[PDB]
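Below: one structure, written as structure tokens.
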Amino acid sequence: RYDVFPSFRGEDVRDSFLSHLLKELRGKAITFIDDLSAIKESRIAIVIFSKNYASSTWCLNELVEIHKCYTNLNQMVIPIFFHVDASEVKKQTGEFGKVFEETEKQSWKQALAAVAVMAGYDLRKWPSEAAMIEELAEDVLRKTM
Amino acid sequence: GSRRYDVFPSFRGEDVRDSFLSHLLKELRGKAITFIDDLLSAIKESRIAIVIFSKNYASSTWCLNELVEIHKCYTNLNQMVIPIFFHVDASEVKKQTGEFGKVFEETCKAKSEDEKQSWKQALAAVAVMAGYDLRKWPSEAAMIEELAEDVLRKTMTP
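These protein sequence lines are chains B and A, in that order. The first sequence lines up with residues 20 to 54, 67 to 134, 142 to 183 when you count with the entry's author numbering. The second sequence lines up with residues 17 to 54, 66 to 185 when you count with the entry's author numbering.
Below, the structure written as structure tokens:
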């Protein structure tokens, strides 16, 4: 059905980083969902790890479902690391750890560890949000044909 | 036909060999990542180029010719290039401005305008690629660890 499923905490990214990503995707004719069982129906899951991704249960459970569609459906998963250390996502250490379960639990740690290591986009390695989002759209678009 | 080296380090010794480069190479060794010991013919023989931009990278035509060649292999042989910005800022390398631009400009005075255009194109193309700016990492150690894991994954590419 869909080209992309986005998993993100709205408070961190919806009005800003996400709007730019979705605009670039749209302009490349990438398909997604305009606001949980839709994940199955999506070829690519773009996961936006932000500072408060670890505070939402809907986020984490969305991620577990994304992880299941990786292992069972060969859903491709692209993690974005948005002002968030990727090692802290993988190891639930530091700031991101603290937020993690101030908030089952082991299925979560398994998803975070699994997706954190995949080929992704670390804003800290990129000159700008605009350029990173550009590369991400071309990677999704050639990942979709 | 397999490539002889995982990594080709392109760097300015005077800046980095005794310090930052020795730590990065130890980390690479520790993950069984191969690299040449020190020349442009080796470059095409490497899966990954790590370009360490430092203050005096700009002052060495051997580095800049290395960079032109890395660029050629990036577009022609699908070579992966990782830039590192070691106490230079990326846009100064990308645009040849400020400190870095000044050293670069001093270097070009006795050189082909043509060569110079090559150097500018390589600098601009590599400087915008995703990479490791030390300003954006907690420490050299932390950055080198992330870079080495990155390089290791990239050796899983077919």
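Don't be surprised by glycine CBs; every beta carbon is placed ideally from N, CA and C.
- Contact note: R180 of chain B does not reach chain A at a C-beta cutoff of 8 angstroms; the least C-beta distance is about 14 angstroms.
- Taking C-beta atoms under 8 angstroms as the contact rule, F113 of chain A and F51 of chain A fail to qualify, at a distance of about 17 angstroms.
- Non-local beta-carbon contacts of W164 of chain B in its own chain, meaning distances under 6 angstroms to residues more than five positions away in sequence, involve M170 in chain order.
- Unbroken beta strand (DSSP E) runs of no fewer than 3 residues, entirely contained in the stretch 90 to 174 of chain A, are found at 107 to 112, following chain order.
- Looking at A:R19, A:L91, A:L94 and A:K82, the one whose alpha-carbon comes closest to that of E126 of chain A is A:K82.
- The contact set of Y101 of chain A on chain B, defined by CB atoms closer than 7 angstroms, is empty, because the minimum CB distance reaches about 15 angstroms.
- For the pair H98 of chain B and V153 of chain B, the Cα-to-Cα distance works out to about 7 angstroms.
- With fewer than 16 other CB atoms across the displayed protein chains lying within 10 angstroms of its CB, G46 of chain B is exposed.
- When the beta-carbon positions are compared, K181 of chain A and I75 of chain A come within less than 7 angstroms of each other.
- Here the C-alpha atom of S35 of chain B lies approximately 49 angstroms from the C-alpha atom of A137 of chain A.
- Cβ atoms of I109 of chain A and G29 of chain A stay farther apart than 8 angstroms, at about 19 angstroms.
- Around the beta-carbon of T134 of chain A, 16 or more other beta-carbon atoms lie within 10 Å, marking it buried.
- The continuous alpha helix (DSSP H) containing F36 of chain A extends over residues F36 to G46.
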